[PDB]
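Just one chain follows, in the form deposited in one PDB entry, and it is written as structure tokens.
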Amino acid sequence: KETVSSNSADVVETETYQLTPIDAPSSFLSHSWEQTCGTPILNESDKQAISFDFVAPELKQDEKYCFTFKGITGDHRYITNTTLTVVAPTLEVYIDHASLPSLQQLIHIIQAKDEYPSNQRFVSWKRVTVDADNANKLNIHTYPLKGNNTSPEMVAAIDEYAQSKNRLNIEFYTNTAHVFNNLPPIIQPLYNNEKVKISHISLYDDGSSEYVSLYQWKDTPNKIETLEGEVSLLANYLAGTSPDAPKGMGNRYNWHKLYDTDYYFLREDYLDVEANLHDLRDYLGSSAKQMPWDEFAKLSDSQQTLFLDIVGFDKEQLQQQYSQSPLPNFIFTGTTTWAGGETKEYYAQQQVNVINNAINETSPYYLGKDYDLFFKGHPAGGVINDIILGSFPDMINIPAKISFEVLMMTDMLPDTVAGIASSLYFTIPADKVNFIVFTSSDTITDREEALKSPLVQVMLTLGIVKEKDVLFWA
């Protein structure tokens, strides 16, 4: 009667792995450990041990070590084959000032803590706060940003961490639009150090901003040729052999030419539907990826609870509120103020008028059916929020501290969304966008100027809205 068990594991340099039989009895007529590959490391005494410690050495490169345990009872032979790979430590570095990249990164961290329990994480987020308990649960050390970008504090901490290791891999996670502001200050002083490798870069769209920039860039003559030409410009800048850096797209969409890089697109299909971006689609190739929305649902219940706790979203309360009335649910997107020099009771009153129109059956912009009212005012809306809320007794408030990206990622979008237009709509599925309202600004003074604005043009191309869905409110 024969049993063979096999397994494999990565062991970080200087850490310990206990070699042991897999699912075997605790005693044997005879037994032995053998090493079958890798630099000899097995102690003589351990050959007759049942379990013993493998302490990963510090090496010039990764190396696998194979061990076989053979154990014999009177009716059964047990074999365990364990292959251990000694690997460099990995430092994960997270830098973001916006919401969506930080939220995506947080999900990744929750996953990676379980899959890679030895990895240290350095985190600089502006809009996501991790308290001490959660930071320790996730092996996070937090560092401030300098304004919106990488701080000297973080640069120094990374330098010190690297100096402390025999070898090191660094993974970067940051936002696409400002990757050039965030990563070179870390890469440059490390560049000359052969023991430090940038093993991966994950870039995440912040929101509509990357799409406005692509829209404004798509008709640039010779744009891919210029992009190609600036690879060396980026490279020499990182290498410290030139003080000159690429400007524009060349410092954003060339990273995959130099490092293993993923670009997570909020709307990757923009690269398909906009014909003048087919050349960028081709240039990015497999490095362009679709940002996922369902990873939260694939987390465990406790992992989900941790996420929700960190972002401060009482999901169950909102689900209860959605279910209070059996009517489908409508979220009105509120704003603070706009142009006109107006009083605050006007900006609130105008928003009240929009909502009134939405729920008025005789209005041409009627939502279409009876909905329960919900309100998401601007995080700094203040008494405007209070005035608007007080005008609709049954309307349920959704705390402004709770970003719209959180709703989408936790599958908590309502049945329909409408109100004052902003970048949040870029994030919502088309069948859930009822209408968006533009107000007077420095650049928008009537409906026609709203429709021609870059943001709307991209949303029209992506089919998020149709022109009829775009309204103007002086």
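Note that the rigid core is defined as the largest set of C-alphas that superpose within 1.5 Å between two forms. The first residue of the sequence shown is number 1, and the count goes up from there.
One more form of this protein exists, namely the form deposited in another entry; it is left out here, but the text below deals with it.
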- Query: Where does the C-alpha shift reach 2 Å or more between the shown form and the other one among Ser242, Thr343, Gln216, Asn134, given a fit on the rigid core?
  - Reply: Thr343
- Did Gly312 shift 2 Å or more between the shown form and the other one, C-alpha, core superposed: no
- Message: Taking 2 Å as the cut-off, check whether the CA of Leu106 shifts that much or more between the shown form and the other one after a rigid core fit.
- Response: no
- Is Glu115 one of the residues whose C-alpha moves 2 Å or more between the shown form and the other one after the core fit? no
